[PDB]
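Chain by chain, the residues:
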Amino acid sequence: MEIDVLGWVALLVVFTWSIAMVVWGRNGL
Amino acid sequence: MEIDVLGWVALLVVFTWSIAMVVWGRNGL
Amino acid sequence: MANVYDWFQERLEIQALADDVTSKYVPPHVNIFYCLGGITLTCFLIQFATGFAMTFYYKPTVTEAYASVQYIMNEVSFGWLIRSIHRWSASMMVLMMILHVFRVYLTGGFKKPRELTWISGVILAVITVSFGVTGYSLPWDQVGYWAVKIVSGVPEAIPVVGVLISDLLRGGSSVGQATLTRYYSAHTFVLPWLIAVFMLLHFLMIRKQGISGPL
Amino acid sequence: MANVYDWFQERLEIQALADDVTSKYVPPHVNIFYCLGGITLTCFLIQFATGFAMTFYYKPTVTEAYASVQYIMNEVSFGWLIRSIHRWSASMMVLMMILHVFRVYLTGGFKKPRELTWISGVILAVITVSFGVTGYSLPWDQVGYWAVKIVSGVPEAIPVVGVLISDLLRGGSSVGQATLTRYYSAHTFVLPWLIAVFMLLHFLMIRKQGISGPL
Amino acid sequence: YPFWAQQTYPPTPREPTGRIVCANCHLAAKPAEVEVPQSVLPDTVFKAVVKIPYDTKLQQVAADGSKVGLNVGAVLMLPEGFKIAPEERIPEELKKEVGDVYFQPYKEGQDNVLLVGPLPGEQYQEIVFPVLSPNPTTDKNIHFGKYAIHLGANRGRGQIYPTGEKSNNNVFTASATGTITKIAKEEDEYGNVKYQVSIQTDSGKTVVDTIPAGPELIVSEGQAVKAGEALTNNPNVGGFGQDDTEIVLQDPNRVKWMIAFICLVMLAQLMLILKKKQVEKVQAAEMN
Amino acid sequence: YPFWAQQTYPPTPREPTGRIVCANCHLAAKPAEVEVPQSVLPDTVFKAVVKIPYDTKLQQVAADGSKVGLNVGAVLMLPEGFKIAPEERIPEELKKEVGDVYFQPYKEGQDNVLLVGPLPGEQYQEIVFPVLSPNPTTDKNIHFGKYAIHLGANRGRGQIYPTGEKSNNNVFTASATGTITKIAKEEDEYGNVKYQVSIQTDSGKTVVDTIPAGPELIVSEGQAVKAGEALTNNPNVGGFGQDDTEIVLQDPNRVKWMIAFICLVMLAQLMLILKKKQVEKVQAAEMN
Amino acid sequence: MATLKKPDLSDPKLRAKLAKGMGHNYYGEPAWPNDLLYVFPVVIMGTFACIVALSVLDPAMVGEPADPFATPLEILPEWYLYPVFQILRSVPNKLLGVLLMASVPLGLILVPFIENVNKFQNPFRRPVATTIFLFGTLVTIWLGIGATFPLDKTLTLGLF
Amino acid sequence: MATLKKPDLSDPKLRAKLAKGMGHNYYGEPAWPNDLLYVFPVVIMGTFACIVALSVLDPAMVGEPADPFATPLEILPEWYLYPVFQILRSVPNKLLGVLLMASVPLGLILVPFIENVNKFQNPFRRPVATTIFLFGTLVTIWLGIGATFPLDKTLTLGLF
Amino acid sequence: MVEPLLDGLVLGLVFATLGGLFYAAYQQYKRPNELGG
Amino acid sequence: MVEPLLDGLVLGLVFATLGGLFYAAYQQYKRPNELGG
Amino acid sequence: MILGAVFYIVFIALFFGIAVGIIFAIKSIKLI
Amino acid sequence: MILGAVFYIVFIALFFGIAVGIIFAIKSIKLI
Amino acid sequence: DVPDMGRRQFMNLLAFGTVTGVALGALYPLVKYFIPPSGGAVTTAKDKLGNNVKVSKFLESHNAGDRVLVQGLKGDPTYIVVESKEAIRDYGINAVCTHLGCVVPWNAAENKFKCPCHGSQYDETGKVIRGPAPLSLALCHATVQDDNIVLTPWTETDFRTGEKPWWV
Amino acid sequence: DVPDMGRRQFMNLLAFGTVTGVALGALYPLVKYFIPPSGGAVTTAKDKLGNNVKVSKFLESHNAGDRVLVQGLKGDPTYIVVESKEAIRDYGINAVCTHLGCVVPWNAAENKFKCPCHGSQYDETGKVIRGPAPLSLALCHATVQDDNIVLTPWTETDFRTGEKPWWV
Amino acid sequence: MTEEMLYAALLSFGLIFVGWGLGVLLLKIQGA
Amino acid sequence: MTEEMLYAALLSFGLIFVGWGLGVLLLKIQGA
Ligand code: HEM
Ligand code: HEM
Ligand SMILES: CC1=C(\C=C/C(C)=C/C=C/C(C)=C/C=C/C=C(C)/C=C/C=C(C)\C=C\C2=C(C)CCCC2(C)C)C(C)(C)CCC1
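Residues numbered from 1 in each chain as written, not as in the entry; some residues may be left out. Chains lettered and ligands numbered in written order. Heavy atoms only, no water.

X-ray crystallography is the method the PDB entry lists for this structure, together with a resolution of 3.41 Å.

Below, the structure is given as C-alpha cells:
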C-alpha cells in the first residue's frame, strides 16, 4: 500500500536519471 | 440498344489509339 | 513578381533536382514493354485513390460490411464507378505486374548488378497478392466469406507454429468478427505501408542503378 | 563468409550512405533542447505502433466502437497498456512539440536560409492537432461524442462554403454513423499519410540545410 | 416435375449453397446452358435462351415399362422485377420461337423465377424466354447494375415421387446377402409387370425383393453378390443441369459520358504526341 | 433530504448529463469537494473524504420561522462494487473520525451509491467514508483500472417539498401588477405567522398573495413593482455542491514489472554513456 | 533525327559504369521533355481510360450475403490464384501443396542466383532458360485452366 | 577533450556555406558514434520509460457511453485546446472567434517573414520579439487556465 | 465465381506479350550492338 | 473532463523550458562566438 | 459483331482523320 | 510525501552508486 | 523554320489545356462522391429509446411545468412542454443551441434554458437571452393526431420576434 | 593506455546486450497483445437463426434419412441425423471438412458427404472416403435432455476407426 | 456465357497489332 | 483533486535541475 509509492518514485527516478544520463553523456547543457 | 455497342467499341478504340499514340510518339516498338 | 524560382533556389538548391532529372537519358533497347513497370504502378495509385474513397462508406463489421458495400453501389453518388474501378484495377495491377515480370526476365534485367531489385519485386508481388486476398473478402458475402475460411486454414498444416499463426490471422480459432477486423487493418493499414516501403527500395535502386542494358 | 559488405558495396555503393552519415558534425551551440524535435518524433512513432495495434480490436461503428474500447481495456492481453500508452503519448507529442516550437523560436532556427522548415513545422502542428481531435472521439462515449458535435459545427460559421464543408466533415447534416466512419478514415488513413509526407519535407530540408547556427 | 418443386419446396427453388431443389429427385447429371446478352437497357424486351441438350433420337423407360420419348422441364431465375415480357410487346419472330410455353411463377408475386415445362423433348431443345428489363428511373428499388441469373434445367423423368417412394427409372440394390432362388414375373389385372426376386441360406435369410418393370436385370441365376447390389442395371437415360450467369442492366447515360470522356482522352493524347513532335524539331536546331 | 431523493427518483440519483437530482429542490449553489487517494490496491480499506464547507457560525430560517443551525446531506457514488468497509476492518482512528453516520444505499443492491445525512452542520463539516476496494482476482467482473467517483453534497434546507409545494426558505414574487393595499400578520391557533399582501387598481385587480414566515419583506407601503416581484428578500443561506473525481484501482503486479522494466532501462542508459566515454578515449588517440 | 545522344565512350566515368553492369541511362533520347512530359501522360491517361471504360460497361456484382452454413458449390478464388488452387487440389498430401505453393515465391527469388552462371540478357543467346521458362509459363496456364474445370476432367483438361 | 573538430575556415566550400546561413554541421563533435549510436537510445529509451510509467500508474479512463440527448455539463476539450476554447467562449461574435482561431496558424506562419527584418538568432540581441513572444506565451497560459474555470470568474481568473 | 471477360483479357495480353517480348529479343539479337555496347 | 496530473506535467515543463531556453541564450550571448562564427 | 466492326472502323478512321489532318494544318501554318 | 522523498533519495543514490562505482572498476582494470 | 517560343506556347496551351480537361473530367465524380447523399431525399414524435410517445400516458405520468425531450424533426431533440392546465403547448422548442449546438437543458429554477457548452442562455419559449448563440431556439407545431404527437415544420413567422423564422 | 579492440567489444556487448534487454522487454506484451484472448477461457444445439432446436417439433417436421445442420460445439455446424425408426442417432457428425474446412453437404443419392471446395468425400457416419482431406469428420454425443439437444465432447475412441479420436 | 471470353482474348490480342500498325503507319505519313 | 496537479508541476519543474546537477556532478567525478 505503497508499492503504490515506490510506484511513482520509479517514474521520477527515470525522468531524473535520464536527464542526468544525457548531460553526463554529452558534457550536457 | 446499341449505344450498348458503340459502348464497347469506345473501349477498343482507346486501347487501340493508346498503343497507336505511344508508338507514333516514340517511333515505337 | 520579385523572383520566385530564385527564392527557393537560394535556400534549397532546387536546381540539382532538375539538373538531376534532365541529365538522364533513354537507351534505345528500351522499347514499349519497359512501361509494364510504371503501369503496374499507375494501377496501384488508382487503387490508393479509389480505396481511400471507400473508407468513407465501408463498415468493417459483420453486420454492416455487406450492407454498406450495397449502399456504396446503389446510393452513394458514383458509388458504382468508385467501387467498380477498385475492382477492375486490382486485376489490372495483378496482371500488368505479371506482364512486367515477363519483360524483366526475358531481358535479364535481374542480373548481377541488380539482383536486389528482382528480390524486392518479388516481395512486392507477395504484398500485392495479399492486397488481393484480403480486399476480396471485405464485402462479407458468400464467396468472400468462404475464401477467409479456406485461406485461413492453410497455415494450420505447418507443424510447430502454424496453428498459432492461423489464430493471428483470424483472431480466434474460427473466422468471425475478429477476422473481418484484422483483415480490414491489413488491407487498409498494414499493406499499404508495407507496399510503400517496398516500392520505395524498388524505385530507389532502379534510380541509382539505371535500366538494365541492351540485347 | 565470402565478403557480404562487398556484395552490396559492388551493386549499391552502400558506402556513400555511411560516408554521408559519419561526415556530419555537431556544433557546440547545440544543447539539450535540440532534442525536443526528435522526441516529438519519438512520441509519434510510439503512436503509430500502439495505434496500429488498436486497429486489430477497435470497431468503428456506432454500435461497436464503445464496447470495443472496453474489450481492449479489460480483456485483450495488455489492452490497457497499449491503449493507455496511445493516450499518454498523444499528449506527449502535442506537448514535446510546443516545447520544440519554443526552442526553434528562441533560437531563430526559422530564419532566412530555413523559412520553409518553419512553415512545414506549422503544418505538422495542424495535422497533429487533428490526429488529436479525431482520435479522441473514436470511443464514442459521452465526452467524445460531444466534441464531434461542437467542432463539426464550427465550419458552419463561414459564409459560402462552410455548411458544405461541415457536411463533408460529418457525412450528413448531423453527427451520426457517417461521422464515426469518416473520423476513422481520417485518424487512421488520411492523417497518417499526410503526417508522413510532411515530416518527410521537414526532415529533408533539415538534412539538406544542416542545423541553424550559434547565438 | 417443375410443379412438384413448388409443391414440395414452397418459398424457393434454390438452397443457400446454390443447389436448386430439383436435383433431389432428378439424380442424373447432364449439362444445362443459359444465354442472355451482356447488357440490357432499361425497359426492354430481350431474349433469354435456355439450353437443355440431350441426344434427340433415343428413349427412356416409362411409367409401367413402355419405352417412350422424353421431356424437358427447368426453373430459370431472373434477377429482381425482371419478368416475362407483356405480350403486346414481344415482337414478332420472337413470338414465334417462344412457342407454346407456359411461363409459371414460382409463387404469387415472384415473377422473376419461372417454372417451365414439362415440354416435349424435340422442339424444346432450346427454350426461349422473352423478358423485359425493369426501369430504375420509375421503380424505385431497382438500380442499375450487374446481376445474377440462375438456371437449373432437367430433361427426362426422375427418381423419386413427391410422396417419397422410388420411380422405376432408377436401379434396385438387393436388400441382404446370399444365394438367389426365384426370378418370377407378375402381371395382376392391373399395375403391370413385376420381376420378383429373393436371396438366402446364410443366417436368417428369406427376405423378398420386388423390382418394377423396365430396368433390365443383368443379374441372372444362382448367385449371391452382397449387401444390396448390381441386380438391375441403369434404366435412367435422364437428368439434371445448372448454370449461372451475370447480366448488366445498363444505363445509357453512363455509357454516353463514358464515350465522351474517352474522346476527351484520345484527343488529349494525340495533342501531346503532337506537341512532342514540335519539340523533336526545336531540338534538331540544338545538335547542329 | 437525501431520503426524498430516493423517494422521488428511484433508480438513480444522477441524470445522463451528470446532474444529480438533488439540485432540483436545493436551488442554492455552494462548493462541494470529495478527496480519495490516487490509487488503491485491491481488497483495501481506504478513506474517502467528503467536504461540505459552510460558514459555521451563522443561521438559516426554519420551518415556522425560528432561526436555527443547519444540516449537511450528500449522496456520494463510488465506482462498481466498491462498498463501505465491513466493520471489523475499518481500523481504529478511522472508526473514530467516521463517527456516527449512516451509510444508506440508494437501492437494494447498489452498495456503491450511499446516501448520507441529515447530519448536523458542525461536526459534519467534512464527512469520512471508510471504503473498501473490490478485488478483480475474485470478483470476475471487476477489472483493474481508473474509474469515476461523483459526489453531490448539499447543506441547509431546501426549496421544494417532495409533494410539489414551496418551502419557506425561498423568496415570493408578487402574482400580478399594481398598488399594494395590506400588510396583515396572521397566526391562527396553529401553523404560525403569515404576512398577507395584495395588489390592485389597473384592470381586474384584487388578487391575494400570502407569504410564509421568516423571509423578510423589504417591500413596504404603497408601491406597485410589476409581474411577480422583489417583495420578499432571500431567506436562503443554504445550498448544493457537485464534484467528480478519478480513482485508480491498481494491481501491484503492473507496478512491480514496471519498476523492474525501468531499472532495466536506467541500467542500459548508463551502460551506453559508459561506452561512449570509453570511445571519447580511443578517439583522443586519433587527433594526435 | 529521333532525338539522340551517343554514349560518350571517352568518359572514364561512364566507362567505369558500362563496366559495372550499367552506365545505361547516360546515352539516348533525353528523358525530360521527350519521354516524361510528353508520353507519360499518354500511358497513364490510356491506362485510366481503359479501366474506366471496363468499369462502366462491365461493373462489379454484389453477391449473396455470407452464410456460415452453406458452402457455395462453385467457389473459386480470384483468377491469378487459379494455378495454385489447381495444385492445392490435385495433391492428396495436405502438408505438401502448401510447400508447393510457398516454392513459387522462394524459387522465384532463387532465379537470379542460379541464372547468374552467365551473363546474357537476350534469351535467344540463353537456351536453357528460355526453355525452363516457356516450359513453366506453360504448365502455369495449363494448371490455370485446370480449375475453370470440374474436378477431374481437370488435369487431363478433358482430352485424355 | 570532449571530442572535437574546428571549422576549417580555409575551405572555400564550407566558407561559402557559413556564408549562406549554414555550414553548420561541418564543425564539431562527430555525429556518428558519438551522438547517434550512444546518446540517442538514451533519449528514446527514456522517453519510452516515462510514458510507460505514466501509463501504468495513471491509465486511461473509459467514460460513459454517448447520449445524443444529454449534454454533459463539464465538457471541455483536450488541454492544448483550452486557450482557443477560452477565446471561442468570451466572444459573443460567432463568426469572429472562428477567424480568431484560424489566425493562430496563419499568424504563426507569418512570423518568419516579419521577424526576418533582421537576422539575429539569440533573443537577448532582439528585444522586440522576446517581448511580443513572452507577451503572447503569457496570454496563452492565462487564457488556458481560463477554462479550468467557471464561466465568468473566467477572464478575471477570479481576482478582480 | 469464374469471370469470362477478364479471363480473355488475360490470355489475350499474356500471349500477345510473350509474343512481342521474344519478337524484340530477336529483332535485336540480329541487328546487334549499335553505338558500341 | 479536466486532467490534473497532466496539467502539472505541462506547466511544469513549459516553464522549466522557457527557463533553460533563455538561460542558454544568455550563457551564450556572453561567452560569445567561439572558433570564429 | 458486324455492327461494332463498322462503328469501330469509322470511329478509328475518324480519329486517324483528325490525327493526320491536324499534323498538316499544324505543319503548314508552320507550328511543326 | 515523506516516504517518496526517502525511497526516492535512496533509489537515485543507489544508482548514482553503481554509476560512479562501475566507472572506476571500469577505469582501473583499464577499459576506460 | 524552327518554331518561335510564341508557337510552342500555342501547342503548350493545346495539349496542356486538353490535359486538364481530362483531369477535371476525372475529378468531378470523385468529388461528388464524397458529398454525402441527400437524406431530405423525397411527423411523429419519438422517445429516448425510440418509441412513439403515446400522448395519453405521456399526459398521465409527466406533470405541469415539466418539459421533456423527444426526437423532433431531422430527429433533433425537441422539448415538448406539458402546460399548467395540462394538454400540450402548440409549438415545440427544438433543443440544440445555436452556438455549435449542444442540447440545451431547462433550468427549472431560473425558468430559463442554459447551454453547458460555452454559455448561452434562452427564455421560457425560445428567444435568445445570452450568447455566444446568434439566434434563438427553433420551433414547430405539435398536434394530438391519432394519439401520437405530430410535429410539422413551423412555416409562419416568429411569433416571439415578429419578422421571419431564421431557420425556414 | 588506449583500450584494445577486445575491450571495446567487451563494453559493446555490455551496452548493446543491455539494450536488447530493453527491446525485448518492450516487445513481449506487444506480442502477447496480438495473440487473441482465449475463448475456451473457463452443450445445447442451435438453429440457423440461433434457436435451441426444441427436440419435439424437430422430431415432427423433418423426416427419416433427413440430416440437418445445427450449431455444434465451438458452434461449428454439426449435422444431426434423424434415423430410420425416428428418435435421434447418439453421435452427431461435425460438418467441417478436414481439408481447409468448407461445410460439407450430405449428397442424399450417393449416401455420402462431398466437399465442394477441392473435392474430398466422406461416408454415412464420418470415415474419410476421398481427400485432399487427411482425417475423417469429427463426432459428438447427442442426448434428449430437458428437450433441447445436448451435445458433449466425444472423449471415448473412434468407434469408426478403433484407435484414438484425432481431434481429442 | 464462354464466347464473351473468346471475343475478349481475340481482341485483347488482335487489337494490339492494329494500334501498332496504325501508329507505325502514322509514322511514315510524317517520316522518322 | 488539485494538489495532484501541484505536486506534478512542482516536480516536473524541480526534478529537472536535480537530474541536471546530478549529471554535471558525475561529470566532475570523472573530469571533462
Ligand atoms: C512507358 C512509355 C514507360 C517507359 C517507356 C518507362 C521507362 C522506364 C525506365 C527505362 C526506367 C528506368 C529509368 C532509369 O534508367 O533511370 C523507369 C523507371 C521508373 N519508371 Fe518509367 N516507364 C514508363 C511508364 C511509366 C509510368 C507511366 C510511370 C508512372 C508511374 C513510370 C514510373 C517509373 C518509376 C516509379 C521508376 C523508378 C526508378 C527511377 O529511376 O525513377 N514508368 N521507367
Ligand atoms: C537529443 C540529444 C537529440 C539531439 C541533441 C538532436 C539533434 C539534432 C540536430 C542538431 C539535428 C540537425 C542535424 C543536422 O545538422 O544534420 C537533428 C535532426 C534530426 N533529428 Fe536529432 N536530435 C536529438 C534527438 C533525436 C532523436 C531521439 C531522434 C529520433 C527520432 C531525432 C531525430 C531527428 C530527425 C528525424 C532529424 C531530421 C534531419 C536530418 O538531418 O536528419 N533527434 N537532430
Ligand atoms: C523528458 C526527457 C527529456 C526532456 C525534456 C524536457 C521536456 C525538458 C527539459 C528541460 C530542461 C533541461 C530545463 C532546464 C532549465 C534550466 C533553467 C531554468 C536554468 C535556470 C538558471 C538560472 C535562473 C540561473 C543561473 C545561474 C546558474 C544555475 C549557474 C551559473 C550562474 C547563474 C547564477 C546565472 C529529454 C529530452 C531532456 C531526455 C530524456 C527524456
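Draft legend 1. Structural context of the interface of chain G and chain C. The interface of chain G with chain C comprises 65 residues on the first partner and 63 residues on the second. At the junction of chain G with chain C, the criterion picks out two salt bridges. Put simply, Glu115(G) and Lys111(C) hold a salt bridge, and the shortest N to O gap is 3.0 Å. Our count for the contact surface shared by chain G and chain C stands at 28 residue pairs in polar contact. Of all the elements in the fold, those that place two or more residues in the side of chain G that touches chain C are strand 1 (29-30), helix 2 (31-35), helix 3 (39-57), helix 5 (94-114) and helix 6 (127-148) of chain G. Its residues assigned to classes, the side of chain G that touches chain C comprises 40 nonpolar, 13 polar and 12 charged. Note: strand 1 (residues 25-26) of chain C against strand 1 of chain G, two bridges, orientation antiparallel. Bridged to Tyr25(C) within strand 1 of chain G is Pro30(G). (Contact = heavy atoms within 4.5 Å. Salt bridge = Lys/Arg side-chain N within 4 Å of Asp/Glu carboxyl O. Polar contact = N/O pair within 3.5 Å; in protein donor to acceptor, adjacent residues only side chain to side chain. Helix = DSSP H or I, 4+ residues; strand = E, 2+ residues; numbered from the N terminus. Nonpolar A, V, L, I, M, F, W, Y, C, P; charged D, E, K, R; others polar. Pairing = 2+ DSSP bridges.)

Draft legend 2. Focus on the site of ligand 2. Lining the immediate environment of ligand 2, one finds 16 residues, of which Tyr34(D), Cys35(D), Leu41(D), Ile211(D) and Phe40(H) sit closest. Near ligand 2, the surrounding residues belong to chains A, D and H. A distance of 3.3 Å is found between a nitrogen atom of ligand 2 and a backbone nitrogen or oxygen belonging to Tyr34(D). Within the backbone of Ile211(D), one N or O atom sits 2.9 Å away from an oxygen atom of ligand 2. (Near = heavy atom within 4 Å.)

Draft legend 3. Region of interest: the UniProt feature "binding site: heme b 2" in chain C. Residue and element names in this part refer to chain C. Under the local residue numbering, the UniProt record ascribes the feature "binding site: heme b 2" to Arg 83, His 86 and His 187. Judged by its relative accessible area of 11%, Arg 83 is buried. Considering the arrangement of structural elements, one finds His 187 in helix 9 (residues 177-209). Setting aside residues no more than four positions away along its own chain, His 187 makes contact with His 86, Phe 131, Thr 134, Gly 135, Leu 138 and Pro 192. There is a polar contact of 3.2 Å between the side chain of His 187 and the backbone nitrogen of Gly 135. (UniProt positions renumbered as here; feature names shortened; annotations may be inferred. Buried < 20%, exposed > 50% of the residue type's maximum accessible area, 1.4 Å probe, protein only.)

Draft legend 4. Main features of the nonpolar core. Within the largest apolar cluster, 171 residues are counted, with the highest numbers of intra-cluster contacts made by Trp24(B), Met258(E) and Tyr33(M). At 15 residues, helix 3 (residues 252-284) of chain E tops the list of elements feeding residues into this core. (Core = buried A, V, L, I, M, F, W, Y, C linked by side-chain atoms within 4.5 Å.)

Draft legend 5. Main features of the site of ligand 1. Neighbouring ligand 1 are 16 residues, the closest being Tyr34(C), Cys35(C), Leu41(C), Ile211(C) and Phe40(G). The backbone of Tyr34(C) places a nitrogen or oxygen atom 3.3 Å from a nitrogen atom of ligand 1. At 3.3 Å, a side-chain N or O of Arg207(C) approaches an oxygen atom of ligand 1. Looking at the shell around ligand 1, the elements that each hand over two or more residues are helix 3 (36-55) and helix 9 of chain C together with helix 3 of chain G.

Draft legend 6. Expanded view of the interface of chain B and chain O. Listed as interface residues are 10 residues of chain B and, on the opposing side, 13 residues of chain O. Between chain B and chain O the total buried area reaches about 950 Å² when both faces are included, carbon and sulfur atoms providing 80% of it. At the boundary of chain B and chain O, one finds zero salt bridges. At the junction of chain B with chain O, the criterion picks out two residue pairs in polar contact. When grouped by side-chain class, the residues that make up the side of chain B that touches chain O number seven nonpolar, three polar and no charged. (Buried area = accessible area lost by both parts, 1.4 Å probe.)

Draft legend 7. Layout of the UniProt feature "binding site: heme b 1" in chain C. All names here are of chain C. Here, the residues flagged by UniProt with the feature "binding site: heme b 1" are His 100, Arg 103 and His 202. Tracing the chain through its elements places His 100 in helix 5 (residues 79-105). Looking at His 100, the relative accessible area reads 22%, which means it is partly exposed. Beyond its immediate chain neighbours, meaning those up to four positions away, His 100 contacts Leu 36, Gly 37 and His 202. Mapping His 202 onto the fold places it in helix 9. The class for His 202 is buried, based on a relative accessible area of 9%.

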